[PDB]
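Right, one structure below, let's go through it.
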Amino acid sequence: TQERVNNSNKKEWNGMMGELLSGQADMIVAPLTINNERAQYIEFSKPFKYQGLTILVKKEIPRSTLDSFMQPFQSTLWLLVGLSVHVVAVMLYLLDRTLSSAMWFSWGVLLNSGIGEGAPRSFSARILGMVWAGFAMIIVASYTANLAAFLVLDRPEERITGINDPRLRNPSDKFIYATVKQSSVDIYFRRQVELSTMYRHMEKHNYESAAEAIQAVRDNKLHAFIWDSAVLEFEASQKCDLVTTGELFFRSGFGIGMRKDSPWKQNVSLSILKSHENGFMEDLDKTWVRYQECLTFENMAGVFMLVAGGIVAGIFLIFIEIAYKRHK
Amino acid sequence: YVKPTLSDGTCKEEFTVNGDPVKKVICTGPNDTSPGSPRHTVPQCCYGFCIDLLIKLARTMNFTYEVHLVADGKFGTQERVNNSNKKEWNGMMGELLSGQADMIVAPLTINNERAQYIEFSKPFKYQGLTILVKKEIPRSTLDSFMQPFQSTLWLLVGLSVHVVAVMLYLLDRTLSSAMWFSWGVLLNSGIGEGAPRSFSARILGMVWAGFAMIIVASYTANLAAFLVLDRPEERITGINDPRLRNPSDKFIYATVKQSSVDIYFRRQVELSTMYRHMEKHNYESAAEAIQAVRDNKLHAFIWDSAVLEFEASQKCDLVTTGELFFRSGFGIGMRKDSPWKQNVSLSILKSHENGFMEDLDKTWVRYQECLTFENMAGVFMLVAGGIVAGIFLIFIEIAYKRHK
Amino acid sequence: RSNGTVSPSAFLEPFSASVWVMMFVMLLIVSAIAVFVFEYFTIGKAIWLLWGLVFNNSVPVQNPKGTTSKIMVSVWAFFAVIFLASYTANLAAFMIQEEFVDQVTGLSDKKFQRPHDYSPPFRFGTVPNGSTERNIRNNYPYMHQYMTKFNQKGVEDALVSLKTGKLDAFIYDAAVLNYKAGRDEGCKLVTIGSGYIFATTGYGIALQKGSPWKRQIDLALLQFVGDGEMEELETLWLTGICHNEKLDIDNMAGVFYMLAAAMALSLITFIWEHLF
Amino acid sequence: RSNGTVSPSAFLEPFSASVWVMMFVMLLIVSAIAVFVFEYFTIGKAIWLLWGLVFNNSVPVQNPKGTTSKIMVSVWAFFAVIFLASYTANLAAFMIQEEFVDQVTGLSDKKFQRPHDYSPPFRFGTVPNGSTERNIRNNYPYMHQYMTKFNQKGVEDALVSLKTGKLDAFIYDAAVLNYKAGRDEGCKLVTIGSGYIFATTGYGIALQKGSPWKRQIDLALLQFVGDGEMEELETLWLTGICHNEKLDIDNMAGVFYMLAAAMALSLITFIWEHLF
């Protein structure tokens, strides 16, 4: 890109363009964006690609656990429901006054599953049992509705729709998004002055090279990245751990930069066109850039082991029952 | 408001919701509302917001009003006179650059095309213009047994359990008992009338019951998802909407002919198509469109928000959608340069900052009045039909058993 | 609001109406007709079956007689499961909707007259030497009396203090507050007025007292309004970040109270039956 | 593409690939543990009761006894309730997923590799006098002779004839055709695949060879790219109305096949038991 010399008002070119201008080369065959600032004093060629700036953000691989209890909704609600069920069972046993065996499956079995061991005494007991069954069904329906709503509401994170989203236009102390220093993206964000807050935020955090930025983004250091479409798409497709939010903006192809006074221009660009229609470029792109692509047990096993715990608890309790009948 | 007077002539017998006298004035307006008829200056009765504001103004500033309603009815817009090529005013606006005139108290939107010849005061009500659309009763009431899902497919899987019943016959050697047990297990009835001898038959029956339960759960989940996602209401919102912008030959929309709004549509050349489309469907009245919308002739209406909000609030049949655009304010009219300007503007501002205008507007406007049932009725009818069929079948079976 | 506001909507359920009750009555009538047809002790068994075969079948009321009873039981079970599926879908749709309109929505309803008689000193963070303070003083001096208690600084400092420190209510310009709520971090600050304004008066460009510019400037401003400029101006400048873009334990209090009342009624009925 | 919607559902995605085996083995282990606990046709009755508790409340046998069996039954009922709630939640979450048919991708397809053979008589757009004709005639002299006597008159005429099916495909510059298909009668028809363009060439404004304007003109155009002109211009002019917009039979067929296979297996096992 173009920078200013130290302690002076003159303009200087550094890096690739500065090297080319000072009689040190003649071709710039490399990924080089077409820009108005560059094209002032360099004769470009017809583009051999098409791309636009693109945002990349890391993707949260774990999105569910399937072993969650009623805790996400409320655990105090479950405790209160259990206390109310116990109180209802006690009241039903009181209304009866079989005997303890009658209280063995008075309401506990009815609220659990089908046992058929109930021994009603009065119509009030039947009414209480019907009310308890209705309340249990209502609670089950409410819990199922809550689970379905949580499943639908799951994954609150969404891809940010381009740069026009105000959530990125407005700066915040939760995103350290930045790009590589001294590239075409910096020039584009400079002479487009309507969102200069983002420009300053990037200027205080700009990185140095694409490889370092990608490596840092891998270990959750930078939460976003703006760069060329093709490079980032390939990096995400191969290393299947990232996503490409947004679609496109400021689209412009690459090119082969050459000096204005050179005789190779009229014979180079034409050639590219002649190599762009007989499937050569498409075949080469298929060969090089685009060739790769990319109800659990946690809901059951995590419970089954707990059931196994019962196998290590109830059987011993059975011996306690053998003790209970020993002295009785 | 406009209300014909009684035989006596003087307005009376009126009280507000809370209970208080209502100020009324004599309107000497035409009665022949038809486009061309013998005019009759019968004294009518008018009351409402602007009349109350005028009463307060006359209390504050000494004068004597004599309200007379306009003759034509149109608000007043520039238009070329017939058999000529010049421009002249008409309607209510034309009766100000005129004789009697001397003021205008009515909804008169502030606009550039009207601010040269006359000037207004500080607005006494800020109001944009929105979109008013018709409403219909939603059809997602689950009145039918399987309206969202595929009912026929259900009947298809009904044959499936019949095959299971055939499988029960293959497990019979009691086939009727096995079929009854399978049917009970379909809806967790727990009949318990099926006891196949072979253990493999019992295993197959349990597997079939589990598969049926899974299918029932999947069907219930599908119906719940269809009910939750049922949202076929997506109407036009704003001007940027491609549907409204794209001309439509099915549903039409327009506004009052040659009244303010059209002027706006004549100064924004970007629209173009909407103005041309609506130029041949404008209604020549304010209430004509509001009463013809329910007749399924005009699917959309453009008008100021102040009227539309009250219209929606009173008759709880239509809703107002979209967002406000071309935000402006109303205002009391005046002619050229008159001494009343400063006093009127100062009085309006003082009333606005005193909360009197807010309370009066609330009193005169903001008295807003405004397990499925169809599914229950359909289920009841289906249950009655099934009960009648079952009663007939039971009677036939009893008669056959008595004879065999 | 101090924290999240959630409405249990216990009284908003379709219960205690004439739709679900009507469907239940029709189903009971159909079941009674089927039982009478199949008939050609028993009444108590039928009542127990009807009570059990509504929500949960885990209750011993079993008494099978014949194929007609099986058919009517299957029909009742199908109707019940259809009703339960519809109710679950309706509950999911209800959970989809949210009700977070506002908290008070009133400037002179009950509180802002004399806070000493209410107890909690709601924050009255006006600002001195302004336009809102003079209007609030000339409207009712009682509110202005307590306005001297809380008056810290401009919009930013007052909003920061009210966010969590000491203040609850803030009364200031409508446009400034709309912008501030639009650009609030986390969208935890919302103006609780449902977008209602008290003394609507627009801004303006204060000119001199006779300078030959008023007519031209007013005409230019009206032309700008007509030609469609300020809408794009505000959507590029004055727009919020989120603003427009939009088994609880405490929710079980009402149903638990209803269940307790039902249990008390059942106990009273049992006592009355035992009396005779 | 208006003949078949081809909407994918849960049945389209693979099911019971490997997780179902894990569920089967854990439930078998749990059943074995419960049987062992009971021991310290009862085993068959317990297995049937557990299968019912997993599936749905059915008629059980008198297998359970004591206190441990009741706790086991309650735990199994709770686990089944949780599992069915999770299954319903997963089904609701997956109901929002959808897709559409893609056919072949790009101008290079299996059917278009050779014009003859196959079975249905293909008819694809061959509008002449343009780039779409010379490109094919100078880089693919195999799909040219077949399409010689198939050229239409205009884009609108070709689309109208395609509505009353005569042409099975259409080939044109993918800038007018993309807009044209995006604003049809309900946009029932759309492009083929993901729009894998073959030779992305571009547009341009021609000039006389060596005109002095050329340089300047180029610069101007580049400037218009910088200040977001093309994006808003295209959004205003050539963006369509549905471009943004984008009981299963397959499940019934799969469950019917599973039921038929289960019935055949049951018959085979019965025959084997009779033989043995």
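Note on naming: chains are A, B, ... as they come in the structure tokens, residues start from 1 per chain, ligands start from 1 in the order shown.
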
Inset, instruction - Would you kindly return, as number ranges by chain, each protein, DNA or RNA residue with an atom no farther than 8 Å from any atom of residue A:43, considering only C-alpha atoms and excluding same-chain residues fewer than 6 positions away? - result: A: 257-260

Could you give me, as a tab-separated table, a per-residue list for chain C showing, wherever an atom lies at most 6 Å from an atom of chain A, the closest pair of atoms and their distance in Å to one decimal, using only C-alpha atoms and sorting by chain then residue number from low to high?
```
residue	atom	partner	partner_atom	distance
C:55	CA	A:134	CA	5.2
C:56	CA	A:133	CA	5.4
C:58	CA	A:114	CA	4.1
C:59	CA	A:116	CA	5.9
C:60	CA	A:116	CA	4.6
C:92	CA	A:145	CA	5.7
C:241	CA	A:166	CA	5.7
C:247	CA	A:73	CA	5.1
C:248	CA	A:74	CA	5.9
C:249	CA	A:77	CA	4.1
C:266	CA	A:124	CA	5.3
C:270	CA	A:124	CA	5.7
```

Could the residues of stretch 243-314 of chain B that have an atom at most 12 Å from stretch 68-84 of chain B be listed as JSON lines, each with its closest atom pair and the distance in Å to one decimal, counting only C-alpha atoms and ordered by chain and ascending residue number?
```
{"residue": "B:256", "atom": "CA", "partner": "B:74", "partner_atom": "CA", "distance": 8.5}
{"residue": "B:257", "atom": "CA", "partner": "B:74", "partner_atom": "CA", "distance": 7.9}
{"residue": "B:258", "atom": "CA", "partner": "B:77", "partner_atom": "CA", "distance": 5.9}
{"residue": "B:259", "atom": "CA", "partner": "B:75", "partner_atom": "CA", "distance": 5.4}
{"residue": "B:260", "atom": "CA", "partner": "B:77", "partner_atom": "CA", "distance": 6.8}
{"residue": "B:261", "atom": "CA", "partner": "B:77", "partner_atom": "CA", "distance": 9.9}
{"residue": "B:262", "atom": "CA", "partner": "B:77", "partner_atom": "CA", "distance": 9.0}
{"residue": "B:263", "atom": "CA", "partner": "B:77", "partner_atom": "CA", "distance": 7.8}
{"residue": "B:264", "atom": "CA", "partner": "B:77", "partner_atom": "CA", "distance": 11.3}
{"residue": "B:266", "atom": "CA", "partner": "B:78", "partner_atom": "CA", "distance": 11.5}
{"residue": "B:283", "atom": "CA", "partner": "B:74", "partner_atom": "CA", "distance": 11.1}
{"residue": "B:284", "atom": "CA", "partner": "B:74", "partner_atom": "CA", "distance": 8.0}
{"residue": "B:285", "atom": "CA", "partner": "B:73", "partner_atom": "CA", "distance": 8.2}
{"residue": "B:286", "atom": "CA", "partner": "B:74", "partner_atom": "CA", "distance": 9.7}
```

Those residues with N, CA and C atoms, as a PDB file, in the first residue's frame please?
```
ATOM      1  N   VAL B 256     -57.579   8.991  -1.229  1.00  0.00           N
ATOM      2  CA  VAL B 256     -58.547  10.002  -1.633  1.00  0.00           C
ATOM      3  C   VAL B 256     -58.022  10.742  -2.851  1.00  0.00           C
ATOM      4  N   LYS B 257     -58.887  10.931  -3.843  1.00  0.00           N
ATOM      5  CA  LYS B 257     -58.460  11.517  -5.106  1.00  0.00           C
ATOM      6  C   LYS B 257     -58.114  12.990  -4.928  1.00  0.00           C
ATOM      7  N   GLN B 258     -56.901  13.359  -5.348  1.00  0.00           N
ATOM      8  CA  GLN B 258     -56.435  14.745  -5.355  1.00  0.00           C
ATOM      9  C   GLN B 258     -56.548  15.381  -3.967  1.00  0.00           C
ATOM     10  N   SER B 259     -55.826  14.795  -3.010  1.00  0.00           N
ATOM     11  CA  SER B 259     -55.824  15.315  -1.644  1.00  0.00           C
ATOM     12  C   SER B 259     -54.475  14.990  -1.008  1.00  0.00           C
ATOM     13  N   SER B 260     -53.554  15.955  -1.055  1.00  0.00           N
ATOM     14  CA  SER B 260     -52.306  15.910  -0.298  1.00  0.00           C
ATOM     15  C   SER B 260     -51.432  14.718  -0.671  1.00  0.00           C
ATOM     16  N   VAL B 261     -51.903  13.508  -0.358  1.00  0.00           N
ATOM     17  CA  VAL B 261     -51.078  12.312  -0.515  1.00  0.00           C
ATOM     18  C   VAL B 261     -50.641  12.151  -1.964  1.00  0.00           C
ATOM     19  N   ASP B 262     -51.575  12.332  -2.901  1.00  0.00           N
ATOM     20  CA  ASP B 262     -51.231  12.232  -4.315  1.00  0.00           C
ATOM     21  C   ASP B 262     -50.116  13.203  -4.678  1.00  0.00           C
ATOM     22  N   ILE B 263     -50.149  14.411  -4.108  1.00  0.00           N
ATOM     23  CA  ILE B 263     -49.083  15.379  -4.351  1.00  0.00           C
ATOM     24  C   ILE B 263     -47.733  14.773  -3.994  1.00  0.00           C
ATOM     25  N   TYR B 264     -47.656  14.101  -2.844  1.00  0.00           N
ATOM     26  CA  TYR B 264     -46.427  13.410  -2.471  1.00  0.00           C
ATOM     27  C   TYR B 264     -46.026  12.409  -3.545  1.00  0.00           C
ATOM     28  N   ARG B 266     -46.596  12.558  -6.532  1.00  0.00           N
ATOM     29  CA  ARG B 266     -46.207  13.281  -7.733  1.00  0.00           C
ATOM     30  C   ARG B 266     -44.861  13.975  -7.596  1.00  0.00           C
ATOM     31  N   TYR B 283     -60.675   6.605  -4.684  1.00  0.00           N
ATOM     32  CA  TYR B 283     -62.044   6.832  -4.249  1.00  0.00           C
ATOM     33  C   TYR B 283     -62.253   8.303  -3.917  1.00  0.00           C
ATOM     34  N   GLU B 284     -63.450   8.802  -4.232  1.00  0.00           N
ATOM     35  CA  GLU B 284     -63.783  10.209  -4.054  1.00  0.00           C
ATOM     36  C   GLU B 284     -64.396  10.503  -2.690  1.00  0.00           C
ATOM     37  N   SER B 285     -64.097   9.688  -1.681  1.00  0.00           N
ATOM     38  CA  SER B 285     -64.628   9.904  -0.345  1.00  0.00           C
ATOM     39  C   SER B 285     -63.691   9.273   0.672  1.00  0.00           C
ATOM     40  N   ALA B 286     -63.847   9.692   1.928  1.00  0.00           N
ATOM     41  CA  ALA B 286     -63.008   9.162   2.997  1.00  0.00           C
ATOM     42  C   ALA B 286     -63.563   7.852   3.541  1.00  0.00           C
TER      43      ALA B 286
END
```

Can you pull out the residues contacting residue D:80? Cut-off 7 Å, using only C-alpha atoms, and skip same-chain residues under 3 positions away; I want them as a PDB file with N, CA and C atoms, in the first residue's frame.
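Below you can see result.pdb, which holds the result:
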```pdb
ATOM      1  N   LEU D  53     -42.739 -49.980  29.288  1.00  0.00           N
ATOM      2  CA  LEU D  53     -42.370 -48.726  29.936  1.00  0.00           C
ATOM      3  C   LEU D  53     -41.535 -47.855  29.009  1.00  0.00           C
ATOM      4  N   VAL D  54     -40.688 -48.476  28.187  1.00  0.00           N
ATOM      5  CA  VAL D  54     -39.915 -47.718  27.210  1.00  0.00           C
ATOM      6  C   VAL D  54     -40.821 -47.184  26.106  1.00  0.00           C
ATOM      7  N   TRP D  76     -37.493 -46.151  35.492  1.00  0.00           N
ATOM      8  CA  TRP D  76     -37.694 -46.415  34.072  1.00  0.00           C
ATOM      9  C   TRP D  76     -38.735 -45.476  33.478  1.00  0.00           C
ATOM     10  N   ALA D  77     -39.817 -45.215  34.213  1.00  0.00           N
ATOM     11  CA  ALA D  77     -40.833 -44.285  33.732  1.00  0.00           C
ATOM     12  C   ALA D  77     -40.265 -42.879  33.583  1.00  0.00           C
ATOM     13  N   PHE D  83     -36.684 -39.252  27.809  1.00  0.00           N
ATOM     14  CA  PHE D  83     -36.300 -39.626  26.453  1.00  0.00           C
ATOM     15  C   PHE D  83     -37.327 -39.154  25.432  1.00  0.00           C
ATOM     16  N   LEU D  84     -38.618 -39.311  25.736  1.00  0.00           N
ATOM     17  CA  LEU D  84     -39.640 -38.867  24.794  1.00  0.00           C
ATOM     18  C   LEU D  84     -39.673 -37.347  24.695  1.00  0.00           C
TER      19      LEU D  84
END
```

Inset, instruction - Hey, list the chain C side of the contact with chain B: 7 Å cut-off, only C-alpha atoms, answer as a VMD selection string. - result: chain C and resid 14 19 to 20 23 26 to 27 30 34 37 to 38 68 73 to 74 77 to 78 85 87 89 92 to 93 139 199 219 222 to 223 226 to 227

Inset, instruction - Take atom CA of residue C:154 and atom CA of residue C:3 and report the distance between them in Å, one decimal. - result: 25.1 Å

Inset, instruction - Quick one: everything within 10 Å of residue D:116, counting only C-alpha atoms, minus sequence neighbours fewer than 4 positions away in the same chain. Send it as a VMD selection string. - result: chain D and resid 111 to 112 120 to 122 142 to 143 146

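Taking the backbone of this structure through DSSP, the residues of stretch 52-224 of chain A that come out as strand (DSSP E) are residues 54, 55, 56, 57 and 58 of chain A.
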
Legend entry - Nearest residue to residue B:96 from the set B:164, B:290, B:55, B:118 (distances using only C-alpha atoms): B:118

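Residue neighbourhood of residue D:8, excluding near-sequence residues (fewer than 6 positions): residues 14, 94, 95, 96, 97, 98, 99, 100, 101, 102, 247, 248, 249, 250 and 251 of chain D, at 12 Å, using only C-alpha atoms.
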
Serialized selection, N, CA, C and O atoms, as a short mmCIF file (atom, residue, chain, number, x, y, z; two decimals), in the first residue's frame:
```cif
data_model
loop_
_atom_site.label_atom_id
_atom_site.label_comp_id
_atom_site.auth_asym_id
_atom_site.auth_seq_id
_atom_site.Cartn_x
_atom_site.Cartn_y
_atom_site.Cartn_z
N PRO D 14 -29.84 -39.94 7.37
CA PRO D 14 -29.66 -41.31 7.88
C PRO D 14 -30.14 -41.43 9.32
O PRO D 14 -30.00 -40.51 10.12
N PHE D 94 -35.46 -30.11 14.37
CA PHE D 94 -35.16 -30.54 13.01
C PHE D 94 -36.26 -30.17 12.02
O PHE D 94 -36.01 -30.16 10.81
N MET D 95 -37.47 -29.87 12.51
CA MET D 95 -38.55 -29.48 11.60
C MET D 95 -38.23 -28.18 10.86
O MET D 95 -38.76 -27.95 9.77
N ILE D 96 -37.37 -27.33 11.44
CA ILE D 96 -37.01 -26.08 10.78
C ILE D 96 -35.97 -26.27 9.68
O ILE D 96 -35.73 -25.34 8.90
N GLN D 97 -35.36 -27.45 9.59
CA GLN D 97 -34.38 -27.72 8.55
C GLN D 97 -35.08 -28.12 7.25
O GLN D 97 -36.06 -28.87 7.25
N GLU D 98 -34.56 -27.60 6.13
CA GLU D 98 -35.14 -27.88 4.83
C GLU D 98 -34.07 -27.69 3.76
O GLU D 98 -33.02 -27.08 4.01
N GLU D 99 -34.35 -28.21 2.57
CA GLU D 99 -33.44 -28.11 1.44
C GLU D 99 -34.26 -28.27 0.16
O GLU D 99 -35.49 -28.19 0.18
N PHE D 100 -33.57 -28.49 -0.96
CA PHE D 100 -34.22 -28.64 -2.25
C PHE D 100 -33.33 -29.48 -3.15
O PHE D 100 -32.15 -29.71 -2.87
N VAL D 101 -33.92 -29.94 -4.26
CA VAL D 101 -33.18 -30.76 -5.22
C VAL D 101 -32.11 -29.91 -5.90
O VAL D 101 -32.25 -28.69 -6.05
N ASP D 102 -31.04 -30.57 -6.34
CA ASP D 102 -29.92 -29.89 -6.98
C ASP D 102 -29.62 -30.37 -8.39
O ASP D 102 -28.99 -29.62 -9.15
N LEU D 247 -46.05 -35.43 8.50
CA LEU D 247 -46.35 -36.71 7.87
C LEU D 247 -45.56 -36.90 6.59
O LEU D 247 -46.07 -36.68 5.49
N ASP D 248 -44.30 -37.31 6.73
CA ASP D 248 -43.43 -37.50 5.58
C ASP D 248 -43.73 -38.83 4.89
O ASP D 248 -43.94 -39.85 5.54
N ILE D 249 -43.76 -38.79 3.56
CA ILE D 249 -44.01 -40.01 2.79
C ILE D 249 -42.83 -40.97 2.90
O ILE D 249 -43.01 -42.19 2.99
N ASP D 250 -41.61 -40.43 2.90
CA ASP D 250 -40.43 -41.28 3.02
C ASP D 250 -40.39 -41.98 4.37
O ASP D 250 -40.03 -43.16 4.46
N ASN D 251 -40.75 -41.27 5.44
CA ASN D 251 -40.81 -41.89 6.76
C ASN D 251 -41.85 -43.00 6.81
O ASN D 251 -41.63 -44.05 7.41
#
```

Inset, instruction - Tell me, as an MDAnalysis selection string, which residues lie within 12 Å of residue B:293, counting only C-alpha atoms; anything in the same chain fewer than 2 positions away does not count. - result: chainID B and resid 132:136 251:254 283 286:291 295:302 317:318

Inset, instruction - Output as a VMD selection string all residues of stretch 101-249 of chain D that backbone DSSP marks as alpha helix (DSSP H). - result: chain D and resid 110 to 113 131 to 139 155 to 163 176 to 181 214 to 226 229 to 237 249

Inset, instruction - Have a look at atom CA of residue B:294 and atom CA of residue B:274 and let me know their distance in Å, one decimal. - result: 22.6 Å

Inset, instruction - Figure out the distance between atom CA of residue D:159 and atom CA of residue D:236, please, to one decimal in Å. - result: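 The value is 24.4 Å.
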